[PDB]
Amino acid sequence: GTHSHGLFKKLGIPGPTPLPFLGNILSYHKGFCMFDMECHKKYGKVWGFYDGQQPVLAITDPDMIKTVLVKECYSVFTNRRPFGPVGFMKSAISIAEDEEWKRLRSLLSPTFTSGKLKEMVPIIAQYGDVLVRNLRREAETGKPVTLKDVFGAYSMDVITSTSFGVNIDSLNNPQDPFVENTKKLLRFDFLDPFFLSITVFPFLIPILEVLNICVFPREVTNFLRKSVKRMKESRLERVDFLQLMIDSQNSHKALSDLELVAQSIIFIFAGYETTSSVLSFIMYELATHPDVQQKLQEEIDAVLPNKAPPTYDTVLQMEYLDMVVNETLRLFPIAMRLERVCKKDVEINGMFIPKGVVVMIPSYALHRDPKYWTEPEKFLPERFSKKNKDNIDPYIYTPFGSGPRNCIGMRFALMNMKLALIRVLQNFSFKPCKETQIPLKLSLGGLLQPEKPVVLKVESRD
Ligand code: HEM
Ligand SMILES: CC(=O)[C@H]1CC[C@H]2[C@@H]3CCC4=CC(=O)CC[C@]4(C)[C@H]3CC[C@]12C
């Protein structure tokens with residue numbers, strides 16, 4: 001079982017020595033992120049490894065990265081690594097490929113313009129208020145609060161309302177069937193037995209498609225499909241993603257009906273647990289660095305006096321806030337990696353890359369690389385002080401990727417998280433208990449998350 005295993009020794013590329021059938025996956029005991037640093041540390045600029053039989057080429061040079069992510073994105077590095085039995089979700093933009101990806105992407109971009117984002121701020125700012133009362137209510141009771149729980153509820157509230165115009169406080173209405181289903185849409189752990197099996201036996205993926213076994217829980221997708229077509233149905237009696245999409249069905253185009261339901265499902269999958277994880281990582285950093293939390297609270301109260309409500313304009317005004325957000329994303333880029341399938345023999349910047357190879361950018365590692373980042377391990381928001389910008393390479397730092405296929409939901413996710421932080425920090429402060437793990441521990445699994453969940457105390461500023 002060493003078919004594609006000769007490739008990198010042939011081209012003269014360095015790397016860890018692959019076992020038959022398994023390749024290098026046994027090196028994943030430490031998790032993706034620490035496998036990526038070790039390889040960087042030990043082979044340097046470039047290296048090669050095998051996910052089962054699948055050869056993966058890591059690159060860390062910013063010029064090489066740009067060529068891949070930007071310059072030719074369209075005729076060579078268009079698609080992501082196929083990853084599992086996927087059924088109708090093959091039409092979701094993050095999963096679609098080549099020409100149909102390109103069609104969806106430009107059908108869906110107008111939905112993410114800045115105009116639309118502003119129509120949406122009074123809708124998401126509403127759940128900023130909701131989150132606050134939920135927070136005071138169980139902070140004036142004492143004591144430890146689980147962030148992932150309060151920020152998950154907030155992330156859900158904001159998705160349900162901007163995706164579908166469904167307005168519920170999910171923390172307190174925990175069983176609207178709409179809360180129950182959408183909550184099951186978590187990010188995939190690719191070190192789970194199921195995905196490691198799939199990686200070693202990818203010839204099994206088609207078999208699973210046949211039995212209609214899918215990585216998106218068929219019971220949840222059923223629910224949303226029936227939900228959506230009913231929403232479209234009883235709407236022929238503003239503003240939300242569903243609506244913007246229903247409109248771009250009225251004149252590549254003819255954004256399909258089922259194509260629409262797929263995008264709706266995938267927007268949830270993309271924004272729900274991502275947004276809640278980052279908010280947790282940030283609020284963890286703010287509790288462990290009162291320096292920074294105090295400075296932010298002071299910045300907020302100068303832009304928004306008398307606990308005044310955040311607007312779009314006052315949000316972009318706050319550059320210490322922006323500093324904290326980015327410095328958190330550096331330390332914890334929850335994507336971990338960026339990947340493109342190389343779909344033709346190509347020659348980029350002097351390195352020959354044979355057709356079929358997965359080219360991989362180790363985002364977690366580059367964000368912690370001693371060259372570009374002084375004291376890489378410490379939470380230092382001053383890195384992003386507008387002084388030191390332009391000392392920041394947009395290809396080293398890539399928490400939302402880069403190029404035509406970057407995070408289409410970026411400015412939304414950024415605006416979402418900031419409005420949440422502001423409303424929270426206008427009202428509360430967050431101290432570390434010692435149910436709190438200090439310092440933080442990342443998971444040995446395939447998701448960038450804390451080992452044990454983050455718990456803190458929440459004091460009302462009154
Ligand atoms: C803090 C929250 C988020 C982070 C850190 C994040 C990060 C990322 C990253 C790294 C990628 C891959 C980009 C690449 O391959 O270069 C991505 C893709 C994507 N994200 Fe986000 N994301 C977040 C939230 C969201 C939200 C809220 C949405 C939608 C509402 C969203 C929708 C997408 C979509 C649709 C793609 C694939 C786009 C395509 O393939 O054309 N993400 N995200
Ligand atoms: C947590 C996670 O990544 C999810 C995504 C796809 C999910 C799997 C999908 C297929 C599946 C079918 C089963 O009957 C057992 C559970 C499993 C094996 C699921 C376990 C949890 C997985 C691995």
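Numbering of ligands and ligand atoms starts at 1, following listing order. Each residue takes its place number in the sequence, starting with 1. Any value given below was found using the heavy atoms of this structure, including those in side chains, with hydrogens, waters and symmetry copies removed.
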- [ ] For the pair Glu99 and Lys102, find out whether any cationic side-chain nitrogen is under 4.0 Å from an anionic carboxylate oxygen.
- [x] no

Task: Protein N, O or S atoms under 2.8 Å from atom 21 (Fe) of ligand 1 - done: 1

Open item on the list: Using a 4.0 Å cutoff against the non-hydrogen atoms of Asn406, which atoms of ligand 1 qualify?
Closed with: 13 (C), 16 (O), 38 (C)

- [ ] Taking atom types as modelled, find out whether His289 and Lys295 have a side-chain donor-acceptor pair closer than 3.5 angstrom.
- [x] no

Open item on the list: Treating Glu209 as the side-chain partner and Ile213 as the backbone partner, does any N or O pair qualify as donor plus acceptor under 3.5 Å?
Closed with: no

Open item on the list: Under 4.0 Å between a side-chain nitrogen and a carboxylate oxygen: does that hold for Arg103 and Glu259?
Closed with: yes

Open item on the list: Tell me the protein heavy atom at minimum distance from atom 13 (C) of ligand 1, and give that distance in Å.
Closed with: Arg405 O, 3.6 Å

Task: Exam field: side chain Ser443 to backbone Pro450, donor-acceptor pair closer than 3.5 Å - done: no

Open item on the list: Among all the protein's non-hydrogen atoms, which is closest to atom 7 (C) of ligand 1, and how far away is it?
Closed with: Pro399 O, 3.6 Å

Open item on the list: Nearest non-hydrogen contact with atom 16 (O) of ligand 1 belongs to which option: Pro333, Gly401, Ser277?
Closed with: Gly401

TODO: Would you mind checking if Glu375 and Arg383 are paired as a salt bridge, meaning a charged N to carboxylate O distance below 4.0 Å?
DONE: no

TODO: Find all atoms of ligand 1 within a distance of less than 4.0 Å from any non-hydrogen atom belonging to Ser402, and give their numbers and elements.
DONE: 16 (O)

Task: Closest protein heavy atom to atom 38 (C) of ligand 1, given as residue, atom name and distance to 0.1 Å - done: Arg105 NH1, 3.4 Å

Task: Exercise: identify the closest heavy-atom pair between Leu279 and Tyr154 - done: CD1-CD2, 4.0 Å

Open item on the list: Counting non-hydrogen protein atoms only, what is the nearest one to atom 12 (C) of ligand 1? Give residue, atom name and distance.
Closed with: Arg80 NH2, 3.7 Å

- [ ] Kindly say whether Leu444 contributes a backbone atom to a donor-acceptor pair with the side chain of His29 at under 3.5 angstrom?
- [x] no

Task: Distance-only polar pair, side chains of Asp247 and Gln243, donor-acceptor under 3.5 Å - done: yes

Open item on the list: Tell me whether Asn416 contacts the main-chain N or O of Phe412 through its side chain, where contact means a donor paired with an acceptor under 3.5 Å.
Closed with: no

TODO: Would you mind listing every side-chain hydrogen bond (donor to acceptor under 3.5 Å, both in side chains) that reaches into residues 175-204, with sequence neighbours excluded?
DONE: none

Open item on the list: With a heavy-atom distance limit of 4.0 Å, tell me whether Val278 approaches ligand 1 through its side chain, its backbone, both, or neither.
Closed with: side chain

- [ ] Check the surroundings of atom NZ in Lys30: do more than 12 heavy atoms from other residues, nucleotides or ligands lie under 6.0 Å from it?
- [x] yes

- [ ] State the atoms of ligand 1, each with its element, that fall below the 4.0 Å cut-off from a heavy-atom position in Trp101.
- [x] 39 (C), 40 (O), 41 (O)

Task: Expected output: side-chain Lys116 to main-chain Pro110 donor-acceptor under 3.5 Å - done: yes

What are the atom names and distances for all N or O pairs under 3.5 Å between ligand 2 and the protein?
residue, atom, partner, partner atom, Å
ligand 2, 3 (O), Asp189, N, 2.9

Open item on the list: Looking at every heavy atom in both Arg368 and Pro376, which two are closest together, and how far apart are they?
Closed with: O-CB, 3.4 Å

- [ ] Mind checking side chain to side chain donor-acceptor pair (under 3.5 Å) for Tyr127 and listing every partner two or more places apart, or none if nothing turns up?
- [x] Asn167

TODO: Would you mind checking which non-hydrogen protein atom is closest to atom 15 (O) of ligand 1, with the distance to 0.1 Å?
DONE: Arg340 NH1, 2.9 Å

TODO: Answer side chain, backbone, both or neither: which part of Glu339 comes under 4.0 Å from ligand 1, heavy atoms only.
DONE: neither

Task: Atoms in ligand 1 flagged as close to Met417, the criterion being non-hydrogen separation under 4.0 Å - done: 1 (C)

